[PDB]
Amino acid sequence: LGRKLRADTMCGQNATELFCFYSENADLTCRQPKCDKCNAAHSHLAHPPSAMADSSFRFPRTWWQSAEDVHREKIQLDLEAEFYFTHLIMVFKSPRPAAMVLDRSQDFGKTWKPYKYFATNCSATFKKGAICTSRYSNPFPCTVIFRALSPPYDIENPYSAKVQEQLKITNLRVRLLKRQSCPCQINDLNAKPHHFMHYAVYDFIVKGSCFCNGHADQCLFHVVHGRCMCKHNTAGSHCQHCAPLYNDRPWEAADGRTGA
Amino acid sequence: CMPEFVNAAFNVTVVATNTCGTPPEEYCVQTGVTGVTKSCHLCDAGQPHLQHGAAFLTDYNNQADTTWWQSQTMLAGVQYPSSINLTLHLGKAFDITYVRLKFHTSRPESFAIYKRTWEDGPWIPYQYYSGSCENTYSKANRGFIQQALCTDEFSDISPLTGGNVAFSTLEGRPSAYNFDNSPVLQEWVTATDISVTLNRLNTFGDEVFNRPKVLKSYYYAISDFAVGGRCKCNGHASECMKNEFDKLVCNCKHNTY
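Those sequence lines, one after another, are chains N and G.
Residues 43 to 168, 176 to 192, 196 to 272, 286 to 325 (the deposited numbering) make up the first sequence, in order.
Residues 50 to 194, 201 to 312 (the deposited numbering) make up the second sequence, in order.
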């Protein structure tokens, strides 16, 4: 959000092929394709990946999809510092496939793991409360909801390093395997349409509080930085240590319940 | 003779305990709908047109743009076991078959719905709608089995703009398809006074940060009560012809009203 999200090439670059949106009406019925042209000439005809992650102050919304009918499409989200996340969100205008995986990176893109992934057949990605759960993903309609914090994690949640690793991130990626475009009245005219490849994705904004260890009131379009002037005489970007004036007293992270 | 279903939010006012505008407030919301240059503007009620009043919520519900209302934000410290409970005093026991609460800002993570069995009486909630109800509500997630169970299909802020909620009274429940032959469900669906219980929004610990904007953002906004219903009087009237005293009561046979 509010920053660059590097990825593969945009649409139509290696093939000057027509693309169209098979959007759907409120009656769960597809509408006639709103055929346009994808290129790299003008902003209207040139829509790099940055369109999703940029100041969206205009009524028209920024569209995006894969590079060129490629299944293994990934999104790179570089960071200039440490970040924090609240929960998991998923908006996907195209039909949401069961082969959805949510992954978290620890530091400088040097770690990888299947953080969370849920679907009716979670085997598609390759306790049943975090590894994967059923009845959460469906092929249709075209146009997954989960929360990172565990049920016992909602209460008694100080801000020490013991929980930072859970919600401290360095880069973002996501993988989708299954390919499908939700059904339409493709027999709109006598001649069938063509070059309908698309993965309608609305936008991605995973709000992340300015990481200040729950101490700072203000941390250095305008975007959120990673430098905090934490109060309680605390120093450091992460504010994990206090000033030596009275540090001798044992302490842990100032939990929001009382700010010890 | 056939009963005719009409929007139950027509020519009616929601009795809202708290509503924006009375004090001076400055709030900011996602740029999905407002589209302001900086996505920041000040809520008010003095302006005749910008009133977020009760009537705006229950109106014709213009599809192109329906008048929206915002509840008081976290600035008022509205996060308790009980919170703003805006109620509906329609005037008849409408059989609300389909309920849709189009949210102007976003779907709140934690919230519920409370319905009135009889006028001035207690509240009988239909169902709970939260993705972590095991904490806030202390109940099992993914409600299934008649009770006011939780719901997690659409709980978190997925849409982030113009959120949609399908409060299908007659669907999504074990008794969905036995509506016409379920005595409890017949009593369930009928609600003398509708009231969405926005009991609490489960904070994500951002309060310690105490950013002025974020607190003004984690609030509630019901764009419109897209709720439909009718007099359940065996449709002695295709439309409750109001009586002399300027209210809504039903037509009837056997020398009754």
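From the three backbone atoms N, C-alpha and C, an ideal C-beta is built for every residue, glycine too.
First through last residue of the beta strand (DSSP E) which encompasses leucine 135 of chain G:
That run of the beta strand (DSSP E) goes 134-137.
Thinking just about the alpha-carbon of each residue, which of N:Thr167, N:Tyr251, N:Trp316, N:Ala161 is nearest to the one in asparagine 187 of chain N?
Comparing Cα-Cα distances from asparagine 187 of chain N to each of N:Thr167, N:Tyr251, N:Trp316, N:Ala161, the minimum goes to N:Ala161.
So, does the segment 235-253 of chain G touch the segment 298-307 of chain N, judging by three or more C-beta pairs under 8 Å?
No, the segment 235-253 of chain G is not in contact with the segment 298-307 of chain N.
Looking at the unbroken beta strand (DSSP E) that takes in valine 282 of chain G, where does it start and where does it end?
Unbroken beta strand (DSSP E) run through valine 282 of chain G: 276-284.
Taking only beta-carbon positions, decide if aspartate 69 of chain N is within less than 7 Å of chain G.
Output row for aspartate 69 of chain N: interface = no.
Flag this pair as touching only if the segment 50-67 of chain G and the segment 94-112 of chain G have three or more C-beta atom pairs under 8 Å; answer yes or no.
The segment 50-67 of chain G and the segment 94-112 of chain G touch, with no fewer than 3 CB-CB distances between them shorter than 8 Å.
Does any residue of chain N bring its CB to less than 7 Å from the CB of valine 127 of chain G?
No, no contact with chain N.
What number of angstroms, rounded off, separates the C-alpha of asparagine 265 of chain G from the C-alpha of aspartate 269 of chain N?
C-alpha of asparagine 265 of chain G to C-alpha of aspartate 269 of chain N: approximately 6 Å in a straight line.
Name the residues in the segment 115-130 of chain N whose C-beta lies less than 7 Å from a C-beta of chain G; which are they?
Residues of the segment 115-130 of chain N with a C-beta atom less than 7 Å from some C-beta of chain G are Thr128, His129, listed in chain order.
Starting from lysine 268 of chain G, trace the alpha helix (DSSP H) in both directions and tell me its first and last residue.
267-272 is the span of the alpha helix (DSSP H), which, as asked, contains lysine 268 of chain G.
Measuring CB to CB, does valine 143 of chain N end up less than 7 Å from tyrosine 159 of chain N?
Against a cut-off of 7 Å, the Cβ pair of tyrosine 159 of chain N and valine 143 of chain N comes out as a contact.
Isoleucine 197 of chain N and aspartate 211 of chain G closer than 7 Å at C-beta
For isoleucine 197 of chain N and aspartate 211 of chain G, yes; Cβs fall inside 7 Å.
Checking contacts by CB at 7 Å: is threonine 206 of chain G closer than that to chain N?
No, its Cβ sits nowhere closer than 7 Å to a Cβ of chain N.
In this structure, does DSSP put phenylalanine 248 of chain N in helix, strand or coil?
DSSP places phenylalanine 248 of chain N in coil when its eight states are reduced to three.
Helix, strand or coil for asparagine 223 of chain N per DSSP?
Three-state DSSP puts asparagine 223 of chain N in coil, outside helix and strand.
Could you work out which residues of chain N lie near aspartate 114 of chain G, taking near to mean beta carbons separated by less than 9 Å?
At a C-beta separation below 9 Å, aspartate 114 of chain G has no neighbours in chain N, since its nearest C-beta there lies roughly 12 Å away.
Taking C-beta to C-beta, are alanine 109 of chain N and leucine 229 of chain N nearer than 7 Å?
Taking 7 Å as the Cβ cut-off, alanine 109 of chain N and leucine 229 of chain N do not qualify as a contacting pair.
Given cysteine 72 of chain N, which residues of its chain have a CB within under 6 Å of its CB, disregarding the five upstream and five downstream residues?
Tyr64, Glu66, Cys236, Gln237.
Within 10 angstroms of its Cβ, does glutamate 299 of chain G collect 16 or more other Cβ (buried), or is it exposed?
Result: exposed.
Excluding the five sequence neighbours on either side, which residues of its own chain have a C-beta within less than 6 Å of the C-beta of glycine 260 of chain N, listed in chain order?
Setting aside the 5 residues that flank it on each side, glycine 260 of chain N is surrounded in the same chain by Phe125, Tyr126, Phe127, each with a C-beta closer than 6 Å to its C-beta; the list follows chain order.
Given a threshold of 16 other Cβ atoms within 10 Å of its Cβ, counted over all protein chains shown, does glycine 54 of chain N qualify as buried or as exposed?
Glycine 54 of chain N is buried by the Cβ-count criterion.
Endpoints, the beta strand (DSSP E) within which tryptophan 316 of chain N is located:
Neither: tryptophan 316 of chain N is in no beta strand (DSSP E) and is coded neither H nor E.
Roughly how many angstroms lie between the CA atoms of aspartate 320 of chain N and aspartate 261 of chain G, to the nearest whole one?
Between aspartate 320 of chain N and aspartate 261 of chain G, the C-alpha separation is close to 11 Å.
Euclidean distance between Cα positions of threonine 299 of chain N and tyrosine 211 of chain N:
Rounded to the nearest angstrom, the two C-alpha atoms are 14 Å apart.
Since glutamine 216 of chain N is in the alpha helix (DSSP H), which residue starts that stretch and which ends it?
213-216 is the span of the alpha helix (DSSP H), which, as asked, contains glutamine 216 of chain N.
For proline 174 of chain G, report the span of its beta strand (DSSP E) as first-last.
Under the DSSP assignment, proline 174 of chain G falls in the beta strand (DSSP E) whose first and last residues are 172-179.
Quick one: does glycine 301 of chain N have its CB under 7 Å from some CB of chain G?
Not one chain G Cβ lies under 7 Å of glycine 301 of chain N.
Can you name the residues that DSSP bridges to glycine 218 of chain G?
Bridge partners of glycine 218 of chain G: G:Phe152.
Around the C-beta of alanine 179 of chain N, are 16 or more other C-beta atoms found within 10 angstroms, so that it is buried, or is it exposed?
Looking at its Cβ environment, which holds fewer than 16 other Cβ atoms inside 10 Å, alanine 179 of chain N is exposed.
Buried or exposed: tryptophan 243 of chain G, going by 16 or more other Cβ atoms within 10 Å of its Cβ?
Buried: at least 16 other Cβ atoms inside 10 Å.
Assuming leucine 150 of chain G contacts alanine 246 of chain G under a Cβ cut-off of 8 Å, what Cβ separation, rounded to an integer in Å, is found between them?
The pair is not a contact, with the Cβ atoms about 14 Å apart (cut-off 8 Å).
Run through the DSSP bridge pairs and tell me what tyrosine 159 of chain N is partnered with.
Answer is none; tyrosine 159 of chain N lacks a bridge partner.
Is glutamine 128 of chain G closer than 7 Å to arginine 255 of chain G when the C-beta atoms are compared?
Their beta carbons are under 7 Å apart, which means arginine 255 of chain G touches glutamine 128 of chain G by this criterion.
Report the start-end ranges of each beta strand (DSSP E) in the segment 53-82 of chain G that is 3 residues or longer and not cut off at the edges.
Fully enclosed beta strand (DSSP E) runs of 3 or longer: not present.
Inspect the beta-carbon positions of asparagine 233 of chain G and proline 203 of chain N and report whether they are closer than 7 Å.
Taking a C-beta distance under 7 Å as the contact criterion, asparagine 233 of chain G and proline 203 of chain N do not qualify as a contact pair.
Residues that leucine 130 of chain N bridges to, as DSSP identifies them:
N:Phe198, per the DSSP bridge assignment.
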